[PDB]
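Structure file model_19.txt (compact mmCIF, C-alpha atoms and all ligand atoms) follows.
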```txt
# COMPACT_ATOMS: atom_id res chain seq x y z
CA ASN A 331 -12.81 -1.78 1.34
CA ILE A 332 -12.22 -0.04 4.63
CA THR A 333 -15.29 -0.74 6.84
CA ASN A 334 -14.34 -0.18 10.53
CA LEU A 335 -15.52 3.05 12.11
CA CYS A 336 -12.47 5.14 12.99
CA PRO A 337 -11.87 4.67 16.78
CA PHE A 338 -11.86 8.33 17.78
CA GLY A 339 -13.70 7.39 21.05
CA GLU A 340 -10.52 5.59 22.08
CA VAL A 341 -8.63 8.88 22.02
CA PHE A 342 -11.36 11.47 22.76
CA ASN A 343 -12.84 9.50 25.71
CA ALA A 344 -9.73 7.97 27.18
CA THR A 345 -10.39 8.43 30.90
CA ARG A 346 -6.65 9.25 31.50
CA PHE A 347 -4.63 11.56 29.22
CA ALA A 348 -0.90 12.03 28.93
CA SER A 349 1.14 14.78 30.45
CA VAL A 350 2.08 17.15 27.59
CA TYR A 351 5.84 16.38 27.84
CA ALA A 352 4.92 12.67 27.48
CA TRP A 353 2.30 13.23 24.79
CA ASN A 354 0.61 10.20 23.31
CA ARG A 355 0.15 9.37 19.65
CA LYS A 356 -2.13 6.84 18.00
CA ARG A 357 -2.06 6.08 14.32
CA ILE A 358 -5.55 5.71 12.81
CA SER A 359 -5.94 3.84 9.58
CA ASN A 360 -8.07 1.54 7.59
CA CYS A 361 -11.37 3.11 8.73
CA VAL A 362 -14.28 5.43 7.98
CA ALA A 363 -14.31 8.74 9.89
CA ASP A 364 -17.26 11.13 10.30
CA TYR A 365 -15.74 14.46 11.31
CA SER A 366 -19.06 16.36 11.54
CA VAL A 367 -20.48 13.82 14.00
CA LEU A 368 -17.22 14.06 15.88
CA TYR A 369 -17.52 17.85 16.09
CA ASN A 370 -21.12 17.62 17.36
CA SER A 371 -20.25 14.70 19.72
CA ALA A 372 -19.19 17.21 22.39
CA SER A 373 -18.45 20.85 23.03
CA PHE A 374 -14.97 21.77 22.04
CA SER A 375 -13.70 25.19 23.05
CA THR A 376 -11.16 24.93 20.20
CA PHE A 377 -11.49 23.26 16.82
CA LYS A 378 -9.00 24.77 14.47
CA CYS A 379 -7.73 23.49 11.14
CA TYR A 380 -4.60 24.12 9.07
CA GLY A 381 -4.13 23.27 5.42
CA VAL A 382 -7.72 22.03 5.14
CA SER A 383 -11.15 23.43 5.72
CA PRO A 384 -13.18 21.81 8.52
CA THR A 385 -16.22 21.85 6.20
CA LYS A 386 -14.52 19.49 3.69
CA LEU A 387 -13.13 16.71 5.89
CA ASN A 388 -15.94 14.27 5.11
CA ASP A 389 -15.14 14.60 1.35
CA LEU A 390 -11.47 13.62 1.68
CA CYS A 391 -9.41 10.46 2.00
CA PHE A 392 -6.09 10.25 3.82
CA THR A 393 -3.28 7.76 3.85
CA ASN A 394 -3.21 7.83 7.66
CA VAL A 395 -4.50 9.97 10.51
CA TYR A 396 -2.46 10.47 13.66
CA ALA A 397 -4.00 11.65 16.97
CA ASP A 398 -1.68 13.22 19.55
CA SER A 399 -3.29 13.89 22.87
CA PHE A 400 -2.34 15.51 26.21
CA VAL A 401 -3.45 18.04 28.84
CA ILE A 402 -2.20 21.66 29.17
CA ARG A 403 -3.57 24.82 30.85
CA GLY A 404 -6.18 26.97 29.00
CA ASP A 405 -3.79 29.85 28.29
CA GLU A 406 -1.41 27.49 26.52
CA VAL A 407 -3.86 26.12 23.94
CA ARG A 408 -2.85 29.03 21.70
CA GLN A 409 0.64 27.44 21.66
CA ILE A 410 -0.61 24.35 19.88
CA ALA A 411 -0.34 25.80 16.41
CA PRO A 412 2.38 26.10 13.73
CA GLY A 413 4.87 28.88 14.29
CA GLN A 414 4.20 29.48 18.00
CA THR A 415 6.66 29.95 20.80
CA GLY A 416 6.38 29.56 24.63
CA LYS A 417 7.18 26.76 27.11
CA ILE A 418 4.81 24.24 25.58
CA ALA A 419 5.67 24.82 21.88
CA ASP A 420 9.36 25.16 22.70
CA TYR A 421 9.90 22.44 25.27
CA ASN A 422 6.97 20.01 25.29
CA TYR A 423 4.98 19.70 22.05
CA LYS A 424 5.88 21.39 18.78
CA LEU A 425 3.86 21.46 15.57
CA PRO A 426 5.75 21.86 12.23
CA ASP A 427 5.29 24.90 10.06
CA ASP A 428 3.80 22.69 7.26
CA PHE A 429 1.30 21.05 9.67
CA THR A 430 -1.91 19.83 8.07
CA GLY A 431 -4.62 18.83 10.50
CA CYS A 432 -6.97 20.02 13.24
CA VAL A 433 -6.29 21.11 16.81
CA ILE A 434 -9.13 20.30 19.17
CA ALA A 435 -9.43 21.19 22.84
CA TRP A 436 -11.86 21.40 25.62
CA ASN A 437 -11.98 22.43 29.32
CA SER A 438 -11.50 19.35 31.57
CA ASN A 439 -11.74 21.07 34.93
CA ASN A 440 -14.45 18.73 36.13
CA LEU A 441 -12.17 15.74 35.36
CA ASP A 442 -8.61 16.74 35.79
CA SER A 443 -8.42 19.17 38.71
CA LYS A 444 -8.52 17.97 42.40
CA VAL A 445 -9.49 19.95 45.54
CA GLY A 446 -6.05 20.96 46.96
CA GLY A 447 -4.45 20.34 43.58
CA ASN A 448 -3.95 17.62 41.00
CA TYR A 449 -0.18 17.34 40.71
CA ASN A 450 -0.16 14.42 38.27
CA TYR A 451 -0.09 16.48 35.07
CA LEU A 452 3.39 17.72 34.31
CA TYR A 453 5.18 19.92 31.81
CA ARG A 454 8.87 20.40 30.93
CA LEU A 455 9.95 23.80 32.27
CA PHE A 456 13.73 23.71 31.47
CA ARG A 457 15.59 22.48 28.39
CA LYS A 458 18.95 23.13 26.70
CA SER A 459 17.36 23.50 23.26
CA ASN A 460 13.88 23.80 21.65
CA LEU A 461 12.11 20.68 20.40
CA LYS A 462 12.06 19.88 16.73
CA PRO A 463 8.51 19.31 15.40
CA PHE A 464 6.97 16.14 16.87
CA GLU A 465 9.91 15.50 19.11
CA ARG A 466 8.98 13.50 22.21
CA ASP A 467 11.37 14.01 25.11
CA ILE A 468 10.61 12.13 28.30
CA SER A 469 13.97 12.43 29.97
CA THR A 470 14.31 13.65 33.50
CA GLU A 471 17.92 14.77 33.56
CA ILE A 472 18.68 17.46 36.14
CA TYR A 473 19.04 20.83 34.37
CA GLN A 474 22.13 22.92 35.05
CA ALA A 475 21.01 26.59 35.24
CA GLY A 476 24.17 28.02 36.75
CA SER A 477 27.97 27.59 36.54
CA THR A 478 28.01 24.58 38.86
CA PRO A 479 27.65 21.05 37.34
CA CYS A 480 24.72 19.06 38.78
CA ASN A 481 25.98 15.49 38.82
CA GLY A 482 22.38 14.33 38.44
CA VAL A 483 21.30 15.74 41.85
CA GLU A 484 18.57 18.43 42.53
CA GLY A 485 20.36 21.40 44.16
CA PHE A 486 21.00 25.13 44.05
CA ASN A 487 20.67 26.08 40.35
CA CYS A 488 20.22 22.39 39.51
CA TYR A 489 16.57 21.75 38.63
CA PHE A 490 14.35 18.78 38.18
CA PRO A 491 13.15 19.56 34.58
CA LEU A 492 9.42 18.85 34.97
CA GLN A 493 6.95 20.98 36.91
CA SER A 494 3.51 19.91 38.03
CA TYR A 495 0.52 21.98 36.88
CA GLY A 496 -1.38 21.36 40.09
CA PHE A 497 -4.90 21.92 38.74
CA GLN A 498 -7.39 23.14 41.32
CA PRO A 499 -11.18 23.52 40.72
CA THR A 500 -11.26 27.18 41.73
CA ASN A 501 -8.41 28.18 39.36
CA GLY A 502 -9.29 30.90 36.73
CA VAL A 503 -9.91 29.15 33.28
CA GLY A 504 -6.41 30.24 32.15
CA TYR A 505 -5.04 28.00 34.86
CA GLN A 506 -7.71 25.18 34.41
CA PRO A 507 -6.83 21.96 32.54
CA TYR A 508 -7.64 21.52 28.88
CA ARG A 509 -7.61 18.25 26.98
CA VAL A 510 -6.16 18.48 23.55
CA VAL A 511 -6.24 16.23 20.58
CA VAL A 512 -4.21 16.99 17.52
CA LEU A 513 -5.31 15.21 14.31
CA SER A 514 -2.68 15.13 11.57
CA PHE A 515 -4.02 14.22 8.11
CA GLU A 516 -1.34 12.52 6.08
CA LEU A 517 -1.23 12.20 2.32
CA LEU A 518 1.47 9.96 0.77
CA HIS A 519 1.72 8.44 -2.62
CA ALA A 520 0.09 5.22 -1.40
CA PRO A 521 -3.49 3.74 -1.20
CA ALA A 522 -5.82 5.90 0.99
CA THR A 523 -6.99 4.13 4.15
CA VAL A 524 -9.09 6.70 6.03
CA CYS A 525 -12.15 8.02 4.23
CA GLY A 526 -15.32 9.93 5.07
CA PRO A 527 -18.81 8.39 4.87
CA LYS A 528 -18.87 9.76 1.29
CA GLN B 1 13.45 -2.81 -3.00
CA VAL B 3 14.11 -1.01 0.30
CA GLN B 4 16.70 -2.96 2.33
CA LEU B 5 17.74 -2.17 5.88
CA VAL B 6 21.10 -3.04 7.42
CA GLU B 7 21.84 -3.05 11.17
CA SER B 8 25.47 -2.56 12.14
CA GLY B 9 27.12 -2.71 15.64
CA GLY B 10 25.59 -5.84 17.23
CA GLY B 11 27.27 -8.80 19.00
CA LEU B 12 29.05 -9.51 22.24
CA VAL B 13 29.43 -6.62 24.64
CA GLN B 14 30.52 -6.22 28.24
CA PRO B 15 28.21 -4.75 30.96
CA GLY B 16 28.71 -1.05 31.73
CA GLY B 17 29.96 0.11 28.32
CA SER B 18 27.84 1.77 25.66
CA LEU B 19 26.48 0.30 22.49
CA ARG B 20 26.16 2.09 19.13
CA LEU B 21 23.91 0.46 16.55
CA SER B 22 23.44 2.05 13.11
CA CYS B 23 20.69 1.59 10.60
CA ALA B 24 21.53 2.01 6.92
CA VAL B 25 18.68 2.30 4.40
CA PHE B 26 19.25 1.19 0.80
CA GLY B 27 16.89 1.62 -2.20
CA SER B 28 14.33 3.95 -0.55
CA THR B 29 11.89 5.28 -3.12
CA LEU B 30 11.43 8.45 -0.99
CA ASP B 31 13.58 10.52 1.39
CA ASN B 32 10.52 11.43 3.59
CA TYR B 33 10.45 8.47 5.98
CA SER B 34 10.96 7.62 9.60
CA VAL B 35 13.28 5.12 11.19
CA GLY B 36 12.35 3.06 14.27
CA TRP B 37 14.46 0.96 16.64
CA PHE B 38 13.02 -2.13 18.33
CA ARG B 39 14.28 -4.82 20.61
CA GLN B 40 13.04 -8.36 21.24
CA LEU B 41 14.02 -9.87 24.57
CA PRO B 42 14.05 -13.67 24.96
CA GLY B 43 10.50 -14.97 25.43
CA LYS B 44 8.82 -11.54 24.86
CA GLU B 45 7.22 -9.49 22.07
CA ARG B 46 9.16 -6.92 20.02
CA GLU B 47 9.00 -3.56 21.67
CA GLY B 48 9.69 -0.13 20.21
CA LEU B 49 12.42 1.98 21.85
CA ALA B 50 12.74 5.09 19.65
CA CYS B 51 11.95 6.58 16.21
CA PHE B 52 13.53 9.36 14.19
CA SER B 53 11.55 11.57 11.72
CA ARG B 54 13.97 12.46 8.91
CA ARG B 55 11.95 15.35 7.64
CA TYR B 56 11.70 17.12 11.03
CA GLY B 57 15.04 15.84 12.39
CA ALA B 58 12.97 14.76 15.40
CA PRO B 59 13.64 11.98 17.97
CA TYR B 60 10.61 10.22 19.43
CA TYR B 61 11.20 8.09 22.57
CA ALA B 62 8.90 5.32 23.83
CA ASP B 63 8.27 5.14 27.59
CA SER B 64 10.64 2.16 27.80
CA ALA B 65 13.66 4.09 26.46
CA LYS B 66 13.67 6.75 29.23
CA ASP B 67 17.12 8.01 30.20
CA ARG B 68 19.41 5.33 28.60
CA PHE B 69 18.81 5.41 24.84
CA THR B 70 19.56 8.14 22.32
CA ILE B 71 18.46 8.06 18.71
CA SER B 72 20.08 10.40 16.23
CA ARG B 73 21.12 10.73 12.63
CA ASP B 74 24.68 10.85 11.41
CA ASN B 75 24.50 12.94 8.22
CA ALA B 76 28.03 11.81 7.28
CA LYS B 77 27.36 8.02 7.50
CA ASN B 78 23.67 8.72 6.57
CA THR B 79 22.51 6.29 9.28
CA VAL B 80 20.04 6.51 12.09
CA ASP B 81 21.92 5.51 15.17
CA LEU B 82 20.79 4.12 18.52
CA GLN B 83 23.07 4.62 21.47
CA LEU B 84 22.55 2.53 24.63
CA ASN B 85 24.63 3.85 27.46
CA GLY B 86 24.82 1.51 30.37
CA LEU B 87 24.85 -2.04 29.16
CA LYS B 88 23.37 -4.58 31.55
CA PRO B 89 22.91 -8.35 30.93
CA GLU B 90 19.18 -7.65 30.74
CA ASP B 91 19.94 -5.66 27.56
CA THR B 92 20.54 -8.99 25.73
CA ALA B 93 18.13 -9.20 22.80
CA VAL B 94 17.67 -8.93 19.08
CA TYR B 95 17.66 -5.27 18.02
CA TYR B 96 15.87 -4.32 14.82
CA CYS B 97 15.57 -1.22 12.78
CA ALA B 98 12.44 -0.52 10.71
CA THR B 99 11.14 2.17 8.38
CA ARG B 100 7.86 3.69 7.54
CA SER B 101 6.94 6.32 4.96
CA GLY B 102 6.36 9.91 5.91
CA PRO B 103 7.49 11.94 8.95
CA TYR B 104 5.28 10.58 11.69
CA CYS B 105 7.15 8.50 14.24
CA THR B 106 5.63 5.85 16.46
CA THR B 107 7.20 3.04 18.47
CA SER B 108 4.43 0.56 17.65
CA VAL B 109 5.53 -2.62 15.80
CA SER B 110 2.56 -2.73 13.47
CA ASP B 111 3.09 0.82 12.12
CA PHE B 112 6.32 -0.21 10.30
CA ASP B 113 6.44 -2.25 7.07
CA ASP B 114 10.15 -2.65 6.29
CA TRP B 115 12.43 -4.37 8.80
CA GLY B 116 16.02 -5.35 9.05
CA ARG B 117 17.01 -8.92 9.78
CA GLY B 118 17.73 -7.92 13.38
CA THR B 119 21.01 -8.11 15.23
CA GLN B 120 21.86 -10.19 18.31
CA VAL B 121 23.27 -8.16 21.20
CA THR B 122 24.57 -10.26 24.05
CA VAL B 123 25.84 -8.67 27.27
CA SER B 124 28.47 -10.61 29.10
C1 LIG C 601 -17.10 9.28 23.54
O1 LIG C 601 -16.72 10.02 22.40
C2 LIG C 601 -17.74 9.95 21.40
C3 LIG C 601 -17.20 10.70 20.22
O2 LIG C 601 -15.97 10.14 19.83
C4 LIG C 601 -19.01 10.54 22.02
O3 LIG C 601 -20.03 10.40 21.05
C5 LIG C 601 -19.42 9.80 23.29
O4 LIG C 601 -20.69 10.23 23.79
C6 LIG C 601 -18.27 9.91 24.28
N1 LIG C 601 -18.42 9.36 25.61
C7 LIG C 601 -19.59 9.21 26.25
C8 LIG C 601 -19.62 9.59 27.71
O5 LIG C 601 -20.57 8.78 25.66
```
So that I can check it, write out the structure of this file as structure tokens.
Amino acid sequence: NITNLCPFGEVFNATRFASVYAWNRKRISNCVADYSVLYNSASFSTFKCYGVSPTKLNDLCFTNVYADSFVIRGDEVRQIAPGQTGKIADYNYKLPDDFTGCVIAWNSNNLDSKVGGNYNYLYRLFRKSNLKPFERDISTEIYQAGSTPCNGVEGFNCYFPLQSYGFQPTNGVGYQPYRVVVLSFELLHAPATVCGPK
Amino acid sequence: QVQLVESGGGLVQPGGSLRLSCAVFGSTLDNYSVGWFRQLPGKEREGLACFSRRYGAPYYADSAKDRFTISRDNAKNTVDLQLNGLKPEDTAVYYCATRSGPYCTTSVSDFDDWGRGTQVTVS
């Protein structure tokens, strides 16, 4: 059988999380998952499912589960869904239209914001094209916004492509950090490896 | 049944660019993802980049920042890895690998079919 307990703690309670442009992914497999316990393991401000009902997860078996995690601002959580547009969905992390999975988020102001600004979390602000679904672009090429070629140097109209969120504790919640975990539930014509307790 | 062929390896000079291609024969499905790995002398295999065929989506590992491009040539039907500024430290065995479905990763143990690997040696 499968007998290991799925290692969600590894992803949900990582003490550091990725910048959204550099989002992390962990494949989960060969384990037993209890999604109700997971849901009542903390207080998620968002727990939203596509292609499946949250109430059924413990009855299903998947070929694999993937967990993508990162930090964004509160107001951008709405962008982590199929069919959305905006700087995050367009340039940093894009879900496919046929996505099947859950999007889970919670407010991480106590952890991720620093008095006079945490500048360590970054997002991609400029890009020549929109991401394809599940594209991961970590490049740092200088973006040419004007007529004048950049030759790889920050300048007038030549922009470093990543901007720091700078989370501060007294920000409005829109502009407070949220941790996000996206769980994709994959079904292929192959033996199931991730099941519920029954 | 699935067999993977790497093309483009061998002896290269520092400074030029390298184009490796991965050709996939006998796949039972079209919905799969293609990873590129290298193995430096005396180290573990490490993932560089992965391409999701369904989503047309490149996925770069932290180690591939700013030198490697992964893409698909729909004419040759290959998944290609381009390395731009060859240094002697680029000398290694490069492999391509596949996994089923559209989810890329650059982790060795997530792929089940491998090519034989191709020696790249930088002068
Ligand atoms: C770790 O996450 C699990 C759920 O995955 C939760 O039950 C646990 O309490 C978390 N961390 C702490 C501080 O215990």
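Going from atom CA of residue A:523 to atom CA of residue A:424 covers 26.0 Å.
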So which one's closest to ligand LIG 601 (chain C), A:351, A:373, A:448, A:356? Using only C-alpha atoms and all ligand atoms, please.
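Of all the options, A:373 lies closest to ligand LIG 601 (chain C).
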Please provide the set of residues having any atom within 10 Å of residue B:52, restricted to only C-alpha atoms, with same-chain residues fewer than 6 positions apart removed, written as a count of residues only.
23
Find the spatial neighbours of residue A:473, counting all atoms listed in the file, within a cut-off of 9 Å - ignore same-chain residues fewer than 4 positions away - and output them as a PDB file with C-alpha atoms, in the frame of the given file.
```pdb
ATOM      1  CA  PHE A 456      13.730  23.710  31.470  1.00  0.00           C
ATOM      2  CA  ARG A 457      15.590  22.480  28.390  1.00  0.00           C
ATOM      3  CA  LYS A 458      18.950  23.130  26.700  1.00  0.00           C
ATOM      4  CA  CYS A 480      24.720  19.060  38.780  1.00  0.00           C
ATOM      5  CA  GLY A 482      22.380  14.330  38.440  1.00  0.00           C
ATOM      6  CA  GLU A 484      18.570  18.430  42.530  1.00  0.00           C
ATOM      7  CA  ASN A 487      20.670  26.080  40.350  1.00  0.00           C
ATOM      8  CA  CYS A 488      20.220  22.390  39.510  1.00  0.00           C
ATOM      9  CA  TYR A 489      16.570  21.750  38.630  1.00  0.00           C
ATOM     10  CA  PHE A 490      14.350  18.780  38.180  1.00  0.00           C
ATOM     11  CA  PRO A 491      13.150  19.560  34.580  1.00  0.00           C
TER      12      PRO A 491
END
```
Quick one: residues within 6 Å of stretch 394-403 of chain A, all atoms listed in the file counted, chain neighbours fewer than 4 positions away excluded, as an MDAnalysis selection string?
chainID A and resid 347:350 353:359 505:516
Report as a tab-separated table the residues of chain A within 6 Å of ligand LIG 601 (chain C), each with its shortest atom pair and distance in Å (one decimal), using all atoms listed in the file, ordered by chain and increasing residue number.
```
residue	atom	partner	partner_atom	distance
A:338	CA	C:LIG601	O2	4.9
A:339	CA	C:LIG601	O2	3.8
A:342	CA	C:LIG601	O1	5.6
A:343	CA	C:LIG601	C1	4.8
A:368	CA	C:LIG601	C3	5.5
A:371	CA	C:LIG601	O3	4.5
```
Fewer than 2 positions away in the same chain doesn't count, so skip those; otherwise give me all residues within 12 Å of residue B:109, counting all atoms listed in the file, as a CSV table (one decimal) with C-alpha atoms, in the coordinates of the input.
```csv
chain,number,residue,atom,x,y,z
A,357,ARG,CA,-2.1,6.1,14.3
B,35,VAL,CA,13.3,5.1,11.2
B,36,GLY,CA,12.4,3.1,14.3
B,37,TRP,CA,14.5,1.0,16.6
B,38,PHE,CA,13.0,-2.1,18.3
B,39,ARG,CA,14.3,-4.8,20.6
B,40,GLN,CA,13.0,-8.4,21.2
B,45,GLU,CA,7.2,-9.5,22.1
B,46,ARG,CA,9.2,-6.9,20.0
B,47,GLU,CA,9.0,-3.6,21.7
B,48,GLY,CA,9.7,-0.1,20.2
B,49,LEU,CA,12.4,2.0,21.8
B,50,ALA,CA,12.7,5.1,19.6
B,51,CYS,CA,12.0,6.6,16.2
B,62,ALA,CA,8.9,5.3,23.8
B,96,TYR,CA,15.9,-4.3,14.8
B,97,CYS,CA,15.6,-1.2,12.8
B,98,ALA,CA,12.4,-0.5,10.7
B,99,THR,CA,11.1,2.2,8.4
B,100,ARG,CA,7.9,3.7,7.5
B,105,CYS,CA,7.2,8.5,14.2
B,106,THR,CA,5.6,5.8,16.5
B,107,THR,CA,7.2,3.0,18.5
B,111,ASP,CA,3.1,0.8,12.1
B,112,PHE,CA,6.3,-0.2,10.3
B,113,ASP,CA,6.4,-2.2,7.1
B,114,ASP,CA,10.2,-2.6,6.3
B,115,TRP,CA,12.4,-4.4,8.8
```
Residues of chain A within 6 Å of chain B, all atoms listed in the file counted, as a ChimeraX atom specification
/A:462-463,465-466,469
Residue nearest residue A:379 among A:418, A:393, A:433, A:364 (counting all atoms listed in the file):
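Ranking A:418, A:393, A:433, A:364 by distance to residue A:379, first place goes to A:433.
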One number please: atom CA of residue B:86 to atom CA of residue B:70, in Å, one decimal.
11.7 Å
Measuring atom to atom with all atoms listed in the file, identify which of A:384, A:430, A:500, A:481 is nearest to residue A:517.
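Checking each of A:384, A:430, A:500, A:481 against residue A:517, counting all atoms listed in the file, the winner is A:430.
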Do you know which residues are at most 7 Å from residue B:15 counting all atoms listed in the file, after dropping those on the same chain fewer than 4 positions away, and could you put them as a VMD selection string?
chain B and resid 87 to 89 123 to 124
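Proximity of A:416, A:432, A:439, A:360 to residue A:382, computed with only C-alpha atoms, is greatest for A:432.
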Could you write out as lines of an AutoDock Vina configuration file the box around stretch 436-444 of chain A (axis-aligned, all atoms listed in the file, 4 Å on each side), with centre and edge lengths in Å to one decimal?
```
center_x = -11.4
center_y = 19.1
center_z = 34.0
size_x = 14.0
size_y = 14.7
size_z = 24.8
```
How far is it from atom CA of residue B:90 to atom CA of residue B:9, in Å with one decimal?
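The value is 17.8 Å.
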Just give me the residues with any atom within 6 Å of (-14.1, 4.3, 6.6), file coordinates, counting all atoms listed in the file, written as a PyMOL selection string.
chain A and resi 332-335+361-363+524-526
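Restricting the calculation to all atoms listed in the file, the smallest distance between residue B:11 and any of B:94, B:42, B:31, B:116 is found for B:94.
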